[PDB]
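The chain below stands alone, shown as structure tokens; this is the form deposited in one PDB entry.
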């Protein structure tokens, strides 16, 4: 896969998945509103807290941390590709060419209902993201030997990574076992991913993906030593079925390392 990922174009990836129609946040039935709503509700339970958090395979996106950032003062973002870490850098440092996530920040504020202005939410994320490190979930030690990242983390977040870098279920299970080592016992894992997908595009790159089911993800979490606190499925409607992939749904898993 690492080979195919050498052609991965962040801008194309962003455009394919986070720009209209999939990125439209006005229609309450879209995947965008559904996902932000499920990230906000999880953190609103007050049960997912601590000091440090690590986002596994962040790619060029930050939406997965909008609701999470107000609960963890030290946040580590990561990704296998340097081009993605650079794309993140552009938004974090507010440099030219950064992707504009303002509609997402605003919706997270809208959903959270704490009366927070979106600039303050983005300010807080930028402030708490202490570093952006390389990572490889295929390695028993994903971050490596002496990573600047505070370990073990009190919580992990990973969206669309594992199944997208695993050729099969068994390999999926190992990557999960792998990243699980980065988590403090009793800690929390918020895993988001593509259901029954076999490929997706990112510019000249065409990636192979392992198609997994909700049941398969649940059992994998259980086998890695987690207690599944919540599991949800969003079925991808026809209007969101574009030619960028063959994903059937999106899953969300809130797991607790026991």
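Residue numbers count along the first chain shown, from 1. Here, rigid core means the biggest group of C-alpha atoms that superpose within 1.5 Å across both forms.
Unshown form deposited in another entry; subsequent notes refer to it.
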*After fitting the rigid core, tell me which of 212, 207, 192, 65 has its Cα displaced by at least 2 Å between the shown form and the other one.*
207
*Taking the rigid core as the frame, does residue 237 move its C-alpha by 2 Å or more between the shown form and the other one?*
no
*Over in the other structure, so in the other entry, do residue 83 and residue 206 pull closer or drift farther apart at the C-alpha level? The difference is 3 angstroms or more.*
farther
